[PDB]
Structure formats: C-alpha cells, structure tokens
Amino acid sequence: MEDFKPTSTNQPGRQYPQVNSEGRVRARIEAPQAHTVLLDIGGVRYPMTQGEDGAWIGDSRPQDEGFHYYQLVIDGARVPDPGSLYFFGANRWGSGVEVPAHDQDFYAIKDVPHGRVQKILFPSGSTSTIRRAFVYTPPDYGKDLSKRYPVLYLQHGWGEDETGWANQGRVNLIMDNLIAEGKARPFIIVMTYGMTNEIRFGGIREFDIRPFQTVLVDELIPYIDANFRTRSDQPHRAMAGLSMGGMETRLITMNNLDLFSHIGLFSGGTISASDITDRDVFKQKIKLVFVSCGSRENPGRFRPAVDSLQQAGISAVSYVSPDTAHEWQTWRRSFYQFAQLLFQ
C-alpha cells in the first residue's frame, strides 16, 4: 500500500528512506550517471529504478519489525545510504533503518524522567590502552546522592562495539520507560567493547576469553565501583550479552560466581545443569539464568536447558521474541524482559 513515510532513522531533513505500513523500505538516491543501483537489506538486493525525477528509487519486501542494518550498491560500490543515520554493526559504520513495531512504545522517547548515558575513558594496564565505555545512570542518580545502585554489564555481538546498546539498542529509553512504570528497579548499565572483532587463529579453543575477562574483571569493574555510586557486592552485579557477547557472558559469569548473580544470554547460548562444574555454589549464588532468541532462530534448545536448571533448583527463564531473527529487535525485547527480573 502507498502509505510510505520518512523513517525515524533518517538524517535531519531527509525524506528518504521511507517505510510503509507493511514494513517495506523504500530507498532513494541521486546518481545521475549510474547504471545499476540496488538496496541491500534483510539479506536481499532489491533493484532500484530511475523515476521521472531521475533519482533511483526502489522498494524492499516487508521487513521484520525493528532495526535493520542496510546499504546501497551503486555500480558495484557498497556504500551507506547518505539519507540515514549511521550505526556500528555488521563490522562497519553504516546505515540502519527503523521499521515500526506493534510494541515500539517500550523504546519510545516519552516525557518521563530520563537517565544519562555517560562516556568514560578508563586505563587498561593489561592492554596498554585507554578504553571507552558508556555508562547509563538512572533518572534520579544525581538527585539521590546517598543512594547506590546495582550494576549490569551489558555486551554487544560480533561486528558491533560499545555504542550498540545505547544507540540501536535504545537501552537508556527502555530503562527510562520501565523505571517510570515501576516495572524495573533503577540500576546502572556499563557497556564496553568486548574485543570480539579482531580475527585470531587459536587452536586450543575457538575464542580466548581471557583478554576480555581481564579487562572486565580486573579493570572495568574496579573502575566503575570506584567512580560511580554502586552496590559492589555479588547480589547486585549482573552480566548479559547478545550473540558472541552472550558467549562471553556465559564463560565469564560461570567462571566468576563470586562476582555475578544474574546471567542473561540473548541469542548467545544456554546453560544446562550438566554444564555446571559445581551446582551447589551455583544454586546458592545465581539468582537468575535468562536465555532468549528470536522465533526464527533455534528456541527449541530452551526447554531442555531450562528444565535441567529448574530440576537442579536454579532459577531459569526463557523468552522468545516473535517474528524476529538475529537482529536488534530480538535483543531490545530480550533486555526489556530481562531488566524486569533483575535485583528484585
């Protein structure tokens, strides 16, 4: 249906790209000497055609609800859409487009109290670098100066970085809206780079967790607890991650039961009772194991894993995002469900 409208991810003043009520995305670009121009979204290349105004224009098929990385192909060159905002993901800075969702209210910008997203730079002795992190502080962090807060360490997937959760993830807005409705306790969120994207060729294990585990446990957690008003005890520290960041969370939390008490794995593995080296300490220390994925992924793995944990007396929850796959809508919804269960 011809009800295309500017998307919310358009650069200021840009009328294209557009999205219609079906979720189709319409891209447009001026390229007056080009010959072959395509829209690359959802894993498909859609031919674009020159209209009466000379500009190339073309429609995708209906996209899943939520956020999608995409690009244009201009006579063979893969390039970001000049009309849209840019995000780091798919291992590039590039265009993303927002497709309206039936449940999009939970990440809307509302007139409610808003927390801050604070960019910090922390020294990393194990890597000889100064490293970026983004820290969400809840809306009344600056008012209640005697109050101290739990902390969630929240990680991105392969091809992403420390900006993912606060931009395409809209995590600050999800928190602001949950806190306003009384559905989540206020807590701090720390987002850093998970050291996931630099290609390596180890043969002992597929991924060596030690570099990032050292940065997180030995450097970032002490920095956060020293510089923010946190509750720095095990029941008030959690970790979650998506995709490879969920694999990192799984390995780091299971190896540091004295530091983390809630575990969130979004499209990033599961924990089964037989996986746990010491089930007794696990049962006493871990208050929540949460696993999630999109309905287009492999949710069938969840029932045996959750059952195995519940049979061992371990609090386990699974969640499936309907009609989505390995994309940010799955992870926004996962976080929205997970956040409501933390630090009860």
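In this text, residue numbers run from 1 along the sequence as written.
Per the PDB record, of the two stretches 108-116 and 191-199, 191-199 carries the greater mean B-factor over its C-alpha atoms.
The PDB entry reports B-factors from which the mean C-alpha value can be compared for 6-14 and 328-336; the larger average falls on 6-14.
Comparing C-alpha B-factors across 70, 67, 319, 56 in the deposited entry, the largest value falls on 56. Per the PDB record, residue ranking by Cα B-factor puts residue 273 in the highest third of the chain. Ranked by Cα temperature factor within the chain, residue 124 sits in the middle third according to the deposited record. Annotation for residue 32: CA B-factor lies in the highest third of the chain's modelled residues. Per the PDB record, residue ranking by Cα B-factor puts residue 228 in the lowest third of the chain. Remark: residue 253 belongs to the middle third of its chain, ranked by C-alpha B-factor as recorded.
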